[PDB]
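Below is the file my_file.pdb, which contains PDB, C-alpha atoms and all ligand atoms.
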```pdb
ATOM      1  CA  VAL A   3      -6.901  21.151 -15.531  1.00  0.00           C
ATOM      2  CA  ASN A   4     -10.196  22.399 -14.059  1.00  0.00           C
ATOM      3  CA  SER A   5     -12.598  25.290 -14.689  1.00  0.00           C
ATOM      4  CA  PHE A   6     -11.734  27.419 -11.639  1.00  0.00           C
ATOM      5  CA  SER A   7     -10.636  30.906 -12.711  1.00  0.00           C
ATOM      6  CA  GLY A   8      -9.008  33.932 -11.115  1.00  0.00           C
ATOM      7  CA  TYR A   9      -7.590  32.214  -8.018  1.00  0.00           C
ATOM      8  CA  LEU A  10      -4.331  33.129  -6.335  1.00  0.00           C
ATOM      9  CA  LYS A  11      -2.166  30.049  -5.692  1.00  0.00           C
ATOM     10  CA  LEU A  12      -1.085  29.857  -2.054  1.00  0.00           C
ATOM     11  CA  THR A  13       0.564  26.405  -2.029  1.00  0.00           C
ATOM     12  CA  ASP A  14       0.818  23.280  -4.166  1.00  0.00           C
ATOM     13  CA  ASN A  15      -2.892  22.540  -3.618  1.00  0.00           C
ATOM     14  CA  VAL A  16      -4.561  25.563  -1.905  1.00  0.00           C
ATOM     15  CA  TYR A  17      -5.992  28.433  -3.967  1.00  0.00           C
ATOM     16  CA  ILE A  18      -7.927  31.534  -2.847  1.00  0.00           C
ATOM     17  CA  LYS A  19     -10.231  34.169  -4.373  1.00  0.00           C
ATOM     18  CA  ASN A  20     -12.476  37.038  -3.262  1.00  0.00           C
ATOM     19  CA  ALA A  21     -15.828  35.626  -4.339  1.00  0.00           C
ATOM     20  CA  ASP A  22     -19.382  34.800  -3.323  1.00  0.00           C
ATOM     21  CA  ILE A  23     -19.381  31.003  -3.006  1.00  0.00           C
ATOM     22  CA  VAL A  24     -22.987  30.839  -4.248  1.00  0.00           C
ATOM     23  CA  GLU A  25     -22.141  32.652  -7.478  1.00  0.00           C
ATOM     24  CA  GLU A  26     -18.918  30.656  -7.854  1.00  0.00           C
ATOM     25  CA  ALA A  27     -20.756  27.341  -7.497  1.00  0.00           C
ATOM     26  CA  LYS A  28     -23.427  28.375 -10.004  1.00  0.00           C
ATOM     27  CA  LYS A  29     -20.711  29.212 -12.548  1.00  0.00           C
ATOM     28  CA  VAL A  30     -18.333  26.277 -12.049  1.00  0.00           C
ATOM     29  CA  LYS A  31     -20.847  23.610 -10.972  1.00  0.00           C
ATOM     30  CA  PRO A  32     -18.000  21.852  -9.137  1.00  0.00           C
ATOM     31  CA  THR A  33     -18.048  18.220  -8.145  1.00  0.00           C
ATOM     32  CA  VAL A  34     -18.053  19.239  -4.457  1.00  0.00           C
ATOM     33  CA  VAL A  35     -19.098  22.470  -2.768  1.00  0.00           C
ATOM     34  CA  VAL A  36     -18.443  22.664   0.978  1.00  0.00           C
ATOM     35  CA  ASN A  37     -21.129  24.036   3.273  1.00  0.00           C
ATOM     36  CA  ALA A  38     -20.278  25.682   6.600  1.00  0.00           C
ATOM     37  CA  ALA A  39     -22.817  23.510   8.402  1.00  0.00           C
ATOM     38  CA  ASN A  40     -23.932  23.077  11.994  1.00  0.00           C
ATOM     39  CA  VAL A  41     -24.617  19.700  13.598  1.00  0.00           C
ATOM     40  CA  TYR A  42     -28.369  20.075  13.037  1.00  0.00           C
ATOM     41  CA  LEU A  43     -27.978  21.018   9.361  1.00  0.00           C
ATOM     42  CA  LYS A  44     -30.125  24.084  10.057  1.00  0.00           C
ATOM     43  CA  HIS A  45     -29.019  26.353   7.225  1.00  0.00           C
ATOM     44  CA  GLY A  46     -30.091  29.672   8.655  1.00  0.00           C
ATOM     45  CA  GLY A  47     -27.339  32.182   8.002  1.00  0.00           C
ATOM     46  CA  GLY A  48     -23.822  32.670   6.771  1.00  0.00           C
ATOM     47  CA  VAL A  49     -22.646  30.451   3.938  1.00  0.00           C
ATOM     48  CA  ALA A  50     -25.221  27.785   4.821  1.00  0.00           C
ATOM     49  CA  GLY A  51     -28.129  30.204   4.653  1.00  0.00           C
ATOM     50  CA  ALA A  52     -26.854  31.532   1.324  1.00  0.00           C
ATOM     51  CA  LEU A  53     -26.361  28.108  -0.280  1.00  0.00           C
ATOM     52  CA  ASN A  54     -29.721  26.866   0.926  1.00  0.00           C
ATOM     53  CA  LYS A  55     -31.517  29.959  -0.401  1.00  0.00           C
ATOM     54  CA  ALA A  56     -29.913  29.389  -3.808  1.00  0.00           C
ATOM     55  CA  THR A  57     -31.401  25.850  -3.827  1.00  0.00           C
ATOM     56  CA  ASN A  58     -34.901  27.233  -3.169  1.00  0.00           C
ATOM     57  CA  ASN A  59     -34.825  25.441   0.257  1.00  0.00           C
ATOM     58  CA  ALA A  60     -34.267  22.000  -1.322  1.00  0.00           C
ATOM     59  CA  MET A  61     -31.018  21.698   0.647  1.00  0.00           C
ATOM     60  CA  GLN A  62     -32.935  22.218   3.903  1.00  0.00           C
ATOM     61  CA  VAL A  63     -35.631  19.680   2.949  1.00  0.00           C
ATOM     62  CA  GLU A  64     -32.991  17.056   2.157  1.00  0.00           C
ATOM     63  CA  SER A  65     -31.086  17.935   5.334  1.00  0.00           C
ATOM     64  CA  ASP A  66     -34.147  17.559   7.564  1.00  0.00           C
ATOM     65  CA  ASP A  67     -34.685  14.040   6.212  1.00  0.00           C
ATOM     66  CA  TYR A  68     -30.987  13.265   6.801  1.00  0.00           C
ATOM     67  CA  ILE A  69     -31.216  14.385  10.448  1.00  0.00           C
ATOM     68  CA  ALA A  70     -34.487  12.539  11.035  1.00  0.00           C
ATOM     69  CA  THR A  71     -32.763   9.331   9.921  1.00  0.00           C
ATOM     70  CA  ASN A  72     -29.238   9.762  11.285  1.00  0.00           C
ATOM     71  CA  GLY A  73     -29.312  12.322  14.077  1.00  0.00           C
ATOM     72  CA  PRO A  74     -26.945  15.271  14.349  1.00  0.00           C
ATOM     73  CA  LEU A  75     -23.426  15.428  13.042  1.00  0.00           C
ATOM     74  CA  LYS A  76     -20.409  15.768  15.328  1.00  0.00           C
ATOM     75  CA  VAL A  77     -18.512  19.035  15.599  1.00  0.00           C
ATOM     76  CA  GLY A  78     -15.561  18.341  13.311  1.00  0.00           C
ATOM     77  CA  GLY A  79     -17.638  15.908  11.251  1.00  0.00           C
ATOM     78  CA  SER A  80     -19.321  15.949   7.871  1.00  0.00           C
ATOM     79  CA  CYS A  81     -21.804  14.298   5.566  1.00  0.00           C
ATOM     80  CA  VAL A  82     -22.148  14.165   1.781  1.00  0.00           C
ATOM     81  CA  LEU A  83     -25.535  15.223   0.399  1.00  0.00           C
ATOM     82  CA  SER A  84     -26.774  16.486  -2.953  1.00  0.00           C
ATOM     83  CA  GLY A  85     -25.339  19.648  -4.456  1.00  0.00           C
ATOM     84  CA  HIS A  86     -28.759  20.432  -5.982  1.00  0.00           C
ATOM     85  CA  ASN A  87     -28.416  23.136  -8.672  1.00  0.00           C
ATOM     86  CA  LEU A  88     -25.028  24.302  -7.337  1.00  0.00           C
ATOM     87  CA  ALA A  89     -22.706  21.276  -7.564  1.00  0.00           C
ATOM     88  CA  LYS A  90     -22.806  17.516  -7.932  1.00  0.00           C
ATOM     89  CA  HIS A  91     -22.387  17.047  -4.167  1.00  0.00           C
ATOM     90  CA  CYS A  92     -22.432  19.220  -1.077  1.00  0.00           C
ATOM     91  CA  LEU A  93     -20.006  18.264   1.685  1.00  0.00           C
ATOM     92  CA  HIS A  94     -21.592  19.647   4.866  1.00  0.00           C
ATOM     93  CA  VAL A  95     -18.698  20.215   7.291  1.00  0.00           C
ATOM     94  CA  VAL A  96     -19.124  21.339  10.904  1.00  0.00           C
ATOM     95  CA  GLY A  97     -16.346  23.574  12.132  1.00  0.00           C
ATOM     96  CA  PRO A  98     -16.443  24.715  15.753  1.00  0.00           C
ATOM     97  CA  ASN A  99     -18.602  27.777  16.411  1.00  0.00           C
ATOM     98  CA  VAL A 100     -16.626  29.987  18.803  1.00  0.00           C
ATOM     99  CA  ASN A 101     -19.789  31.940  19.584  1.00  0.00           C
ATOM    100  CA  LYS A 102     -21.088  28.658  21.099  1.00  0.00           C
ATOM    101  CA  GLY A 103     -17.917  27.937  23.116  1.00  0.00           C
ATOM    102  CA  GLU A 104     -16.767  25.017  20.952  1.00  0.00           C
ATOM    103  CA  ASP A 105     -13.142  23.864  20.966  1.00  0.00           C
ATOM    104  CA  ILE A 106     -11.083  25.503  18.207  1.00  0.00           C
ATOM    105  CA  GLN A 107      -8.779  22.454  18.098  1.00  0.00           C
ATOM    106  CA  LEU A 108     -11.652  20.698  16.283  1.00  0.00           C
ATOM    107  CA  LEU A 109     -10.998  22.952  13.277  1.00  0.00           C
ATOM    108  CA  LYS A 110      -8.231  20.625  12.090  1.00  0.00           C
ATOM    109  CA  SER A 111     -10.581  17.638  12.353  1.00  0.00           C
ATOM    110  CA  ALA A 112     -13.150  19.574  10.319  1.00  0.00           C
ATOM    111  CA  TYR A 113     -10.665  20.284   7.524  1.00  0.00           C
ATOM    112  CA  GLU A 114      -9.574  16.612   7.448  1.00  0.00           C
ATOM    113  CA  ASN A 115     -12.947  15.833   5.860  1.00  0.00           C
ATOM    114  CA  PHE A 116     -11.763  17.678   2.738  1.00  0.00           C
ATOM    115  CA  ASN A 117      -9.094  15.006   2.147  1.00  0.00           C
ATOM    116  CA  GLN A 118     -11.786  12.516   1.100  1.00  0.00           C
ATOM    117  CA  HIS A 119     -12.409  14.572  -2.074  1.00  0.00           C
ATOM    118  CA  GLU A 120      -9.925  15.260  -4.866  1.00  0.00           C
ATOM    119  CA  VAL A 121     -11.163  18.815  -5.609  1.00  0.00           C
ATOM    120  CA  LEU A 122     -13.449  21.121  -3.605  1.00  0.00           C
ATOM    121  CA  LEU A 123     -14.884  24.632  -3.670  1.00  0.00           C
ATOM    122  CA  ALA A 124     -15.029  25.764  -0.057  1.00  0.00           C
ATOM    123  CA  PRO A 125     -15.273  28.594   2.475  1.00  0.00           C
ATOM    124  CA  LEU A 126     -12.916  29.101   5.388  1.00  0.00           C
ATOM    125  CA  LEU A 127     -14.271  26.873   8.148  1.00  0.00           C
ATOM    126  CA  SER A 128     -15.291  28.491  11.445  1.00  0.00           C
ATOM    127  CA  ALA A 129     -14.853  31.999   9.940  1.00  0.00           C
ATOM    128  CA  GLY A 130     -17.578  34.620   9.561  1.00  0.00           C
ATOM    129  CA  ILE A 131     -20.489  34.132  11.957  1.00  0.00           C
ATOM    130  CA  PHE A 132     -18.777  31.045  13.424  1.00  0.00           C
ATOM    131  CA  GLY A 133     -16.473  33.492  15.211  1.00  0.00           C
ATOM    132  CA  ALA A 134     -12.956  32.155  14.596  1.00  0.00           C
ATOM    133  CA  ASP A 135      -9.961  34.100  13.288  1.00  0.00           C
ATOM    134  CA  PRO A 136      -9.978  33.652   9.482  1.00  0.00           C
ATOM    135  CA  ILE A 137      -6.175  33.956   9.315  1.00  0.00           C
ATOM    136  CA  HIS A 138      -6.005  30.975  11.662  1.00  0.00           C
ATOM    137  CA  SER A 139      -8.595  29.080   9.629  1.00  0.00           C
ATOM    138  CA  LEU A 140      -6.552  29.608   6.457  1.00  0.00           C
ATOM    139  CA  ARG A 141      -3.399  28.393   8.222  1.00  0.00           C
ATOM    140  CA  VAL A 142      -5.141  25.229   9.440  1.00  0.00           C
ATOM    141  CA  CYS A 143      -6.538  24.659   5.949  1.00  0.00           C
ATOM    142  CA  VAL A 144      -3.111  24.896   4.311  1.00  0.00           C
ATOM    143  CA  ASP A 145      -1.532  22.665   6.972  1.00  0.00           C
ATOM    144  CA  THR A 146      -4.305  20.016   6.897  1.00  0.00           C
ATOM    145  CA  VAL A 147      -5.864  19.723   3.440  1.00  0.00           C
ATOM    146  CA  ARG A 148      -3.799  17.781   0.902  1.00  0.00           C
ATOM    147  CA  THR A 149      -6.386  17.641  -1.884  1.00  0.00           C
ATOM    148  CA  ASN A 150      -7.064  20.562  -4.226  1.00  0.00           C
ATOM    149  CA  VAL A 151      -9.093  23.252  -2.474  1.00  0.00           C
ATOM    150  CA  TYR A 152     -10.437  26.472  -3.979  1.00  0.00           C
ATOM    151  CA  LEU A 153     -11.269  28.902  -1.169  1.00  0.00           C
ATOM    152  CA  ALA A 154     -13.907  31.601  -1.693  1.00  0.00           C
ATOM    153  CA  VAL A 155     -13.626  34.578   0.688  1.00  0.00           C
ATOM    154  CA  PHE A 156     -16.731  36.781   0.462  1.00  0.00           C
ATOM    155  CA  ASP A 157     -15.298  39.880   2.164  1.00  0.00           C
ATOM    156  CA  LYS A 158     -12.861  41.722  -0.106  1.00  0.00           C
ATOM    157  CA  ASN A 159     -11.211  43.529   2.803  1.00  0.00           C
ATOM    158  CA  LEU A 160     -10.696  40.212   4.612  1.00  0.00           C
ATOM    159  CA  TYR A 161      -9.384  38.593   1.429  1.00  0.00           C
ATOM    160  CA  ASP A 162      -6.721  41.279   1.019  1.00  0.00           C
ATOM    161  CA  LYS A 163      -5.713  40.812   4.655  1.00  0.00           C
ATOM    162  CA  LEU A 164      -5.488  37.018   4.267  1.00  0.00           C
ATOM    163  CA  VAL A 165      -3.285  37.309   1.171  1.00  0.00           C
ATOM    164  CA  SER A 166      -1.059  40.067   2.540  1.00  0.00           C
ATOM    165  CA  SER A 167      -0.522  38.185   5.810  1.00  0.00           C
ATOM    166  CA  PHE A 168      -0.115  34.721   4.274  1.00  0.00           C
ATOM    167  CA  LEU A 169       3.125  33.033   5.231  1.00  0.00           C
TER     168      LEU A 169
HETATM  169  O1  LIG B 201     -15.105  32.022   3.195  1.00  0.00           O
HETATM  170  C1  LIG B 201     -15.178  33.262   3.862  1.00  0.00           C
HETATM  171  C2  LIG B 201     -16.439  33.203   4.557  1.00  0.00           C
HETATM  172  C3  LIG B 201     -16.440  33.943   5.966  1.00  0.00           C
HETATM  173  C4  LIG B 201     -17.417  32.848   6.410  1.00  0.00           C
HETATM  174  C5  LIG B 201     -18.557  33.305   5.520  1.00  0.00           C
HETATM  175  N1  LIG B 201     -17.775  33.825   4.204  1.00  0.00           N
HETATM  176  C6  LIG B 201     -18.069  33.380   2.828  1.00  0.00           C
HETATM  177  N2  LIG B 201     -17.225  32.903   1.858  1.00  0.00           N
HETATM  178  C7  LIG B 201     -17.710  32.579   0.621  1.00  0.00           C
HETATM  179  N3  LIG B 201     -18.997  32.714   0.270  1.00  0.00           N
HETATM  180  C8  LIG B 201     -19.804  33.192   1.218  1.00  0.00           C
HETATM  181  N4  LIG B 201     -21.156  33.444   1.194  1.00  0.00           N
HETATM  182  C9  LIG B 201     -21.585  33.947   2.443  1.00  0.00           C
HETATM  183  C10 LIG B 201     -20.529  34.048   3.323  1.00  0.00           C
HETATM  184  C11 LIG B 201     -19.412  33.571   2.556  1.00  0.00           C
HETATM  185  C12 LIG B 201     -16.820  31.915   5.286  1.00  0.00           C
END
```
Represent the supplied structure as structure tokens.
Ligand SMILES: OC[C@]12C[C@H](CN1c1ncnc3[nH]ccc13)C2
Amino acid sequence: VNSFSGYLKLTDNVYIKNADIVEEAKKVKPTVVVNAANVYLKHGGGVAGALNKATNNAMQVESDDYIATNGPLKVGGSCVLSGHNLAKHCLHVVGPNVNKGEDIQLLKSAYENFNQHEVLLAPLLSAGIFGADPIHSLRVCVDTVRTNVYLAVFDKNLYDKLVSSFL
């Protein structure tokens, strides 16, 4: 039993809700919140911009030190950093950004990072400003993640479409 509330159950381990991931994280304070990161951990917009703003830019400060030490992530890769005031940990995961021409096949690799964590609050990878089809992202999530994932979909209209079209 966990403290996630109001989610629709899609499969044995995947759950979904129309919610702002920032507000969800502040309420639940989950062990792991997933950020929709880029390889440079530059948290400018989308989910990443929103999470970073909620940390008063502490996420960006920590991220800049991480990059200075380790260099960029790989597309499809991840790193674990602090969750600051939002969660215990933030798993920064890089899905392919279609608006940059990156290979959508890497979306499965991106979701595989979730399997290293028993429970996660997460967005749909590569959706929104990353330019992929969110229905596809949800399908890859369900077919790749085996741990317990709580998906927050900010757009209510998109949420209804994802539920109604879910196979
Ligand atoms: O998960 C659906 C997605 C579409 C991309 C961005 N949307 C979000 N989902 C949850 N909290 C969010 N905050 C800002 C955007 C946002 C991922």
Give as JSON, numbers by chain the residues that the PyMOL selection byres (((chain A and resi 108) around 10) and not hetatm) matches when applied to the coordinates above. {"A": [77, 78, 79, 96, 97, 98, 99, 104, 105, 106, 107, 109, 110, 111, 112, 113, 114, 128]}
Grab all the atoms of ligand LIG 201 (chain B) that the file lists, wrap them in a box along x, y and z, add 8 Å per side, and give me centre plus edge lengths in Å (one decimal) as lines of an AutoDock Vina configuration file.
```
center_x = -18.3
center_y = 33.0
center_z = 3.3
size_x = 22.5
size_y = 18.1
size_z = 22.1
```
Hey, what comes out of the PyMOL selection byres (((chain A and resi 120) around 9) and not hetatm) on this file? Could you write it as a compact mmCIF listing (two decimals) with C-alpha atoms, in the coordinates of the input?
```txt
# COMPACT_ATOMS: atom_id res chain seq x y z
CA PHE A 116 -11.76 17.68 2.74
CA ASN A 117 -9.09 15.01 2.15
CA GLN A 118 -11.79 12.52 1.10
CA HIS A 119 -12.41 14.57 -2.07
CA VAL A 121 -11.16 18.82 -5.61
CA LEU A 122 -13.45 21.12 -3.60
CA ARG A 148 -3.80 17.78 0.90
CA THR A 149 -6.39 17.64 -1.88
CA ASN A 150 -7.06 20.56 -4.23
CA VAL A 151 -9.09 23.25 -2.47
```
Write as a PyMOL selection string the residues around ligand LIG 201 (chain B), taking 10 Å as the cut-off and counting all atoms listed in the file. chain A and resi 18-27+36-38+47-53+123-136+139-140+153-158+160-161
Could you pull the residues within 12 Å of residue 75 (chain A), counting only C-alpha atoms, minus those fewer than 5 positions along the same chain, as a list in words? residues 39, 40, 41, 42, 43, 44, 65, 68, 69, 70, 80, 81, 82, 94, 95, 96, 97, 98 and 112 of chain A
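Interatomic distance, CA of residue 34 (chain A) to CA of residue 73 (chain A): 22.8 Å.
Interatomic distance, CA of residue 144 (chain A) against CA of residue 57 (chain A): 29.5 Å.
Going from CA of residue 58 (chain A) to CA of residue 32 (chain A) covers 18.7 Å.
In terms of minimum interatomic distance to residue 93 (chain A), A:33 ranks closest within A:71, A:146, A:33, A:59, counting all atoms listed in the file.
For the set A:30, A:76, A:4, A:143, the residue with the smallest atom-to-atom gap to residue 90 (chain A) is A:30, counting all atoms listed in the file.
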Residue neighbourhood residue 86 (chain A), 10 Å, only C-alpha atoms, exclusion window fewer than 6 positions, as an MDAnalysis selection string: chainID A and resid 31 53:54 56:58 60:61 64 92
Contact residues around residue 12 (chain A) with all atoms listed in the file at 10 Å, ignoring same-chain residues under 2 positions, as number ranges by chain: A: 9-10, 14-18, 144, 165, 168-169
